[PDB]
Amino acid sequence: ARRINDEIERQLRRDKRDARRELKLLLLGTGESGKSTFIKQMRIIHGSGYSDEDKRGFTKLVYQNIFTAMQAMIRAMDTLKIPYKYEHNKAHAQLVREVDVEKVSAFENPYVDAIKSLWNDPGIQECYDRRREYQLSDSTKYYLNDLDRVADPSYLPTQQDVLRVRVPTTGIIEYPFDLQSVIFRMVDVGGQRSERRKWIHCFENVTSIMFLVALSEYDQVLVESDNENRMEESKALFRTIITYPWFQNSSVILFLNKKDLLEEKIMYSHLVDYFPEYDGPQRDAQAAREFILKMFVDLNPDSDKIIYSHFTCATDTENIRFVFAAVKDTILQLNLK
Amino acid sequence: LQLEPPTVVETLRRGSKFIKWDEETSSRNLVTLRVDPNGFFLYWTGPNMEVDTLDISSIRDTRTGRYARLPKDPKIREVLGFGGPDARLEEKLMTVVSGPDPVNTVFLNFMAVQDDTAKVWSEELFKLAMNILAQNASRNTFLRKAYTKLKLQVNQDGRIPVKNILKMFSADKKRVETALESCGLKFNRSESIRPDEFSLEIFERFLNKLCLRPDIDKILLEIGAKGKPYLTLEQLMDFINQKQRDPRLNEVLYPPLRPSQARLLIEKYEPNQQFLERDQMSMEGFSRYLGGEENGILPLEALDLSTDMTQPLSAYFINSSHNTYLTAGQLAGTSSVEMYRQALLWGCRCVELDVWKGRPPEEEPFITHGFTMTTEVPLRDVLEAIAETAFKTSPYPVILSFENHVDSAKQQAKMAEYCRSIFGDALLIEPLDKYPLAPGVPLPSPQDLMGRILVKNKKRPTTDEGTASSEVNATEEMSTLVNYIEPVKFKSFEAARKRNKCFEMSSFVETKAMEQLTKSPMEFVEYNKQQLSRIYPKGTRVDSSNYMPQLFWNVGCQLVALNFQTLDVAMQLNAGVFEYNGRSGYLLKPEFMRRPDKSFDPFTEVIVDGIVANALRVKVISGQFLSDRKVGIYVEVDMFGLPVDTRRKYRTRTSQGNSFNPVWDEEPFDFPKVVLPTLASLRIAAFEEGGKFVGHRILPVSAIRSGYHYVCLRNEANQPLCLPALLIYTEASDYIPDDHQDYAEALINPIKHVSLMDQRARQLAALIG
Ligand SMILES: Nc1nc2c(ncn2[C@@H]2O[C@H](COP(=O)(O)OP(=O)(O)O)[C@@H](O)[C@H]2O)c(=O)[nH]1
Ligand code: ALF
Ligand SMILES: [Ca+2]
Ligand SMILES: [Mg+2]
């Protein structure tokens, strides 16, 4: 009476699997708000973790992030007319520019030595401080610091390294995850203006909207239109989706992301500059965060829709477990009852 | 190194020495074989002192050595020296097969002079004939081909004869004479122009004067060129970023045209330094840009083998053949070993083999259609030919569909040897250690079986199902080679699907497969996700006719077999769709048709959730050089996808009469709602009056760019036609429903929507509060 009662339990196992329902969650936002980095974390925690086969899939992209980040650096030295300090970097600078970005698999003597050299130039470092003026990805600083580990012949990026890669999402992809008692179908979408036209095709039967804003957007301008503030788009793009008829009985969750970079960027760039009506202190980690939070929660036409909001850090695996544990509950307790 | 321009190395340019030989005319002539610099033609001095040229894009295969064709007349053998001393005479043999379709193919045989000159030629000439860029090249390039032909075909006195041109563009005579006189090249005396005063530029001004283009002028008037003559750098840049771009693509991944880039276009295209010095582009330079290398209809990423090849075998459509041995009608026509070579050279990956018992005197199994007055080619010759050309066009797995009728362990064991003897390592005798043959274990990827061959036979007379109905019982020898493609009798979808074996697969005849499409379609898709399914045409089709394969692709069938013998609408499509993904014959299904969690209805009349549906508009503008004769032309524009998407009704009027440079001002042909674009395919086709075919082109709805483009037409077997080409305008965009227009607008620019509507609620406040 073991093998008979074994397949009674296996029956009741597949019972709960097929008998539970799934809930469709949309991850929306403006360009580079950290939407794909969020899914990677959900894959880390509640999905298939990253194997060493998977980790070397990105080893090619990690190289291409350095070049794209460096190519755009050297163009800013001409844009802003920033002079190079050391003159033997002018030979290396010409060499890096003329490299194709797309066809880059290896990382060798000819360039590794050159890129190392360019990162130590004062003119280039002065350029990094002024990266709010041109377009440069946030992960740049992380990678160029440890060029030595990357230059290694047998380099395999850690899970931390795979969150930081910059691979821009396009279209509409549907990643499902199992959370034991309920399935979460999480739709990732593109953030830029071309990609928002597409969104419409996945609004039907939406349970919740995990909107994503990047706190450090407040001084930057859009890549799609260099004439406008990034935070002001997020502000308005949120306003829009809250009005929509579709999402009448759908919960709204506001992730104020890239919280770490706000503490960095606040101690020199001021929030009083770009959003005048801020009565709080300057160089403020806390209240500068809080002014932003209320700025979004006050753009609420529905006086009854309670907007559940968490500040987050999308590159930290252990911040998301905390935040998603609560978001998991907030959701489940609003649908099941 | 993905796709490289077809460079012709040193030896081919100046050309080595050969001996052309023919059987039926008993010819044995010396020839200096030569390929021109740009890789257009293969030419030589003929016996008549005529310049006989061969089109490189019509080369199907080049065979060298033992695989080369050998002479079958006794006296021809001896005059080459086959009854001689050396065992060297195979190292200099080269056979160049050429033709438009695989049925009609003339063979040109050659013999070299020097040791190993013949070897290097074969393989280098092969890479020219099958290069991708070469075939999919620009409109500019295709005209130069036309120029290269006229320069090559010279007469006894070493000149370009007048009539040569009159018969190429034989869509007019009277005009052409005034056009050449306008150029100042005296054709008046002995009706032949010298090759000196006939440079590329002279040929250019010839057509500009001969071929008047009013359509290009209207298009100039549009883009702010109301001050007619020229276009500024800004007008050109903005024109490209508003019209010529594809609005579906991302802005960060595919960026718009910068001003510093737009400069390089003018430099490359505008001949006048009068205008290049001023950062301007004339009408003459614009006509070129339109037909240039950048402004093609398709992007390179489409033609390249750039689709993922790591998914399960079942998640791909596969190019497949039915009764491949046959070359004519299904009944009394003849069979041929050669058709198997040609089939695999197409890009086909699944080929059928109806093997049979031997004869009492000898004991050789042979291939033929079940007793039906068909010629009987032997098995060994077929297997050897497959072993040759299986991995020439595409280095991806091939499926030998064994329809076994061999009724003796004696001769059935013999074919077990033939496979291992001929193919050797290529034959997949045992399973891979990664994917075993268990229940629930998915099929390996195409990449996991690169350069391998898989047998398809059983393991351990019907009116319309044919000789495939009464297949003989497999024996213990043949069953060893079978593994990942196991044909079994089909019961029902639940039964074969809940069994959970993936390697198992069932074949379906057209009619039985058709009912399953109508009676249980979603059940079909969800079987095809996991397992395989073959579809062969019914026995009613006794003249090798083809059914529409799109029918069964819609529900996820992989091996949708066809008769390669005939090239009707159906086969015209199969041909043109497998051109993509680098001629590999493996096209990866759309997301939802191969995903376990998702499930959609192939018949849905409304947009699906998740799937980004598109909207397409096609306006036919004009055409050039569409005939060797004055006659009316009309154009068809059809779409093949899901039934919901499929329309094939649109058609232009018959042209004014001019087959030289006709212009159609007609309402655009709208496809307002394409539910599943990833599966759907556009199809432009040009015809003369009274249905005479001219040239068609198959384009995928997914990749097609928006804007003014030329569309280089092809023959029925998707080989590039030189002169004929249409000018068309396109608008592929992401589908917004009619009701949600303003909603979709807000999302694209919420800075304005928030403001301009908030502003209202503000300035309305003093009226209430
Ligand atoms: N420092 C920091 N960087 C982040 C965070 N979240 C995302 N990023 C980075 O910002 C970039 C944008 O992320 P991604 O998900 O690609 O943006 P999306 O295209 O809007 O989904 C990536 O290169 C990430 O490494 C965060 O919480 N902190
Ligand atoms: F800005 Al994204 F995927 F949303 F690159
Ligand atoms: Ca058959
Ligand atoms: Mg993303």
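What the deposited record gives as its method is X-ray crystallography, and the resolution it gives is 4.00 Å.

**Student:** Help me understand the pattern of salt bridges in this model?
**Tutor:** Pairing between side chains of opposite charge can happen when the charged atoms of each approach one another. Counted under the stated rule, the structure contains 62 salt bridges over all chains. Notably, a salt bridge pairs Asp161 of chain A with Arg149 of chain A, separated by 3.2 Å at the nearest N-O pair. With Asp161 of chain A in helix α10 (residues 159-164) and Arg149 of chain A in helix α9 (residues 147-151), this pair connects stretches of sequence that are 12 residues apart. Each of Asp61, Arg63, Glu338, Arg341, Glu388 and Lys392 of chain B takes part in a single network of salt bridges with overlapping partners.

**Student:** I tried to follow the environment of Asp157 of chain B on my own but got confused; where do I start?
**Tutor:** In this structure, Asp157 of chain B sits in the loop between α5 (139-152) and β9 (160-161). On the basis of relative accessible area, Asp157 of chain B is assigned to the exposed category, the value being 64%.

**Student:** Sorry if this is basic, but what is going on with the packing of aromatic side chains here?
**Tutor:** For any pair of aromatic rings, the description rests on two quantities: the centre-to-centre distance and the angle between the ring planes. The final tally for this structure, using the stated rule, is 49 aromatic pairs over all chains. Ring centres 5.7 Å apart and planes at 55° place the aromatic pair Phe493 of chain B and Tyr527 of chain B in the tilted group. One end of the pair, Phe493 of chain B, is in helix α18 (residues 493-498); the other, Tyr527 of chain B, is in helix α20 (residues 521-528), with 34 residues separating them in the sequence. As far as burial versus exposure is concerned, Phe493 of chain B and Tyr527 of chain B are alike and both buried. Feature note: the residues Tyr63, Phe67, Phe107, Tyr111 and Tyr155 of chain A constitute an aromatic cluster, connected by ring pairs. When the ring centre of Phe311 of chain A is taken as reference, the NZ or CZ atom of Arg289 of chain A above it lies at 5.0 Å.

**Student:** Mind showing me how you'd approach the side chain of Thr141 of chain B here?
**Tutor:** Residues and elements named next belong to chain B. Tracing the backbone shows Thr141 in helix α5. On the accessibility criterion, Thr141 (17% relative accessible area) is buried. Among all residues touching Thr141, those that are not within four sequence positions of it are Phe40 and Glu293.

**Student:** What am I meant to see in the site of ligand 2 here?
**Tutor:** All residues in the neighbourhood of ligand 2 are listed as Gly31, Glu32, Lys35, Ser36, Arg166, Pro168, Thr169, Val189, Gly190, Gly191 and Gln192 of chain A. Of the residues in the shell around ligand 2, the class split is two nonpolar, six polar and three charged.

**Student:** Can you walk me through the coordination of the calcium ion (ligand 3) in this structure?
**Tutor:** Each pair of donors in an ideal four-coordinate tetrahedral metal site encloses 109.5 degrees, whereas pairs in an ideal six-coordinate octahedral site enclose 90 or 180 degrees. Here the calcium ion (ligand 3) is held by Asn323 of chain B (OD1), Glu352 of chain B (OE), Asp354 of chain B (OD) and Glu403 of chain B (OE), and the distances to it run 2.2 to 2.8 Å. Among the residues examined, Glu352 of chain B registers a relative accessible area of 3% and is labelled buried.

**Student:** Looking at this model, I keep getting lost on the sheet that holds strand β2 (residues 172-179) of chain A. Mind explaining?
**Tutor:** Pairing between the strands of a sheet comes from backbone hydrogen bonds, and it takes one of two forms, parallel or antiparallel. All names here are of chain A. On the basis of which strands lie adjacent, the open sheet formed by six strands has the order β2-β3-β1-β4-β5-β6 and mixed pairing. What marks the edges here is a single partner per strand, and that holds for β2 and β6 (308-311). Going across the sheet, the axis of each strand differs from the next one's by a mean of 20°, ignoring polarity. The sheet contacts of helix α2 (residues 36-46) involve β1 (22-29), β2, β3 (182-189), β4 (208-214) and β5 (251-257), and relative to β2 the element is tilted by about 30°. Together, β1, β2, β3, β4, β5 and β6 form the strand contacts of helix α16 (residues 317-335), whose direction differs from that of β6 by roughly 175°.

**Student:** So what exactly am I meant to see when it comes to the packing of helix α12 (residues 230-243) of chain A against helix α24 (residues 750-763) of chain B here?
**Tutor:** Between α12 of chain A and α24 of chain B, the shortest axis-to-axis distance is 8 Å and the interhelical angle comes to 65°. Comparing their axes, α24 of chain B and α12 of chain A come out roughly perpendicular. Handedness of the α12 of chain A/α24 of chain B crossing: left-handed. Where α12 of chain A approaches α24 of chain B, its residues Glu232, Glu233, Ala236, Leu237, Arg239 and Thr240 of chain A are matched on the opposing element by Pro750, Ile751, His753 and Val754 of chain B. Looking at the contact of α12 of chain A with α24 of chain B residue by residue, the class counts come to five nonpolar, two polar and three charged.

**Student:** Mind showing me how you'd approach the site of ligand 1 here?
**Tutor:** All names here are of chain A. In the neighbourhood of ligand 1, 19 residues make up the surrounding shell, with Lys35, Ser36, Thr37, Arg166 and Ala314 lying closest. Interatomic distance of 3.1 Å between a backbone N/O atom of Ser33 and an oxygen atom of ligand 1. One of the backbone N or O atoms of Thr37 is found 2.9 Å from an oxygen atom in ligand 1. Bound to the protein, ligand 1 loses 97% of the 580 Å² it would expose on its own. Class assignment for the residues of the shell around ligand 1 results in five nonpolar, eight polar and six charged.

**Student:** Looking at this structure, I do not really get the interface of chain B and chain A. What am I missing?
**Tutor:** Often the size quoted for an interface is simply the accessible area lost on bringing the parts together. Taken together, the contacts link 36 residues of chain B with 36 residues of chain A. Buried area between chain B and chain A, both sides added, is near 3,100 Å², and the carbon and sulfur share of it is 57%. Summed over the three residues of chain B that lose the most area to chain A, namely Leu747, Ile748 and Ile751 of chain B, the buried surface amounts to 21% of that side. Counting every contact that joins chain B to chain A gives five salt bridges. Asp609 of chain B is the partner of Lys24 of chain A in a salt bridge, and the nearest nitrogen-oxygen pair spans 3.8 Å. Viewed at the interface, chain A and chain B are joined by 16 residue pairs in polar contact. Only α23 (741-748) and α24 of chain B provide two or more residues apiece to the side of chain B that touches chain A. It is α23 of chain B that provides the largest number of residues to the side of chain B that touches chain A, a total of five residues. When its residues are assigned to classes, the side of chain B that touches chain A shows 22 nonpolar, six polar and eight charged.

Rules and cut-offs
All residue numbers given refer to positions from 1 along each chain's written sequence rather than to the entry's numbering, and residues for which no coordinates exist are omitted. The order in which chains are written sets their letters, starting at A; the order in which ligands are written sets their numbers, starting at 1. Excluding hydrogens and water, the side-chain figures rest on all heavy atoms present in the structure. Salt bridges are counted wherever a side-chain nitrogen of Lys or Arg sits within 4 Å of a carboxyl oxygen of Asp or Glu. Helix and strand labels come from DSSP, where a helix needs a run of H or I of at least four residues and a strand needs a run of E of at least two; each type is numbered from the N terminus. Burial classification: accessible surface area is computed with a 1.4 Å probe over protein chains only, and a residue below 20% of its type maximum counts as buried, one above 50% as exposed, and the rest as partly exposed. Pairing of aromatic rings covers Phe, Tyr and the six-membered ring of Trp, with a centre-to-centre limit of 6.5 Å; geometry is then stacked below 30 degrees between planes, edge-to-face above 60, and tilted otherwise. Two thresholds decide whether a charge sits over a ring: the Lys NZ or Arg CZ must be within 6 Å of the ring centre and within 35 degrees of the ring normal. We call two residues in contact when some of their heavy atoms are within 4.5 Å. By convention in these notes, a residue is near a molecule or strand provided one of its non-hydrogen atoms lies within 4 Å of it. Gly counts as polar in this scheme, as do all residues outside two lists: the nonpolar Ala, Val, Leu, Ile, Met, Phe, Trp, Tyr, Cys and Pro, and the charged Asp, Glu, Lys and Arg. Metal donors were taken as nitrogen, oxygen and sulfur atoms no farther than 2.8 Å from the ion, or 3.2 Å where the ion is Na, K or Ca. Water is excluded, so coordination may look unfinished. Strand pairing is defined by DSSP finding a minimum of two bridges between the two strands. In this description, a line fitted to the C-alpha atoms serves as the axis of each element, helices being fitted only across the stretch in contact, and the angle between N-to-C directions of two axes falls anywhere from 0 to 180 degrees. Orientation is classified from the angle alone, with under 35 degrees giving roughly parallel, over 145 giving roughly antiparallel, 65 to 115 giving roughly perpendicular, and any other angle giving oblique. Crossings are assigned a handedness: left-handed for a near helix turned anticlockwise from the far helix by less than a right angle, right-handed for a clockwise turn. Polar contacts, as counted here, are pairs of nitrogen or oxygen atoms within 3.5 Å of one another; within protein the pair requires one atom able to donate a hydrogen and one able to accept it, and residues that are adjacent in sequence qualify only if both atoms are side-chain atoms. For every accessible area listed, the method is Shrake-Rupley and the probe measures 1.4 Å; residues are considered covered only by the protein chains on display. The quantity reported as buried area is the accessible area (1.4 Å probe) lost by two parts once they are put together, taken as the sum for both.

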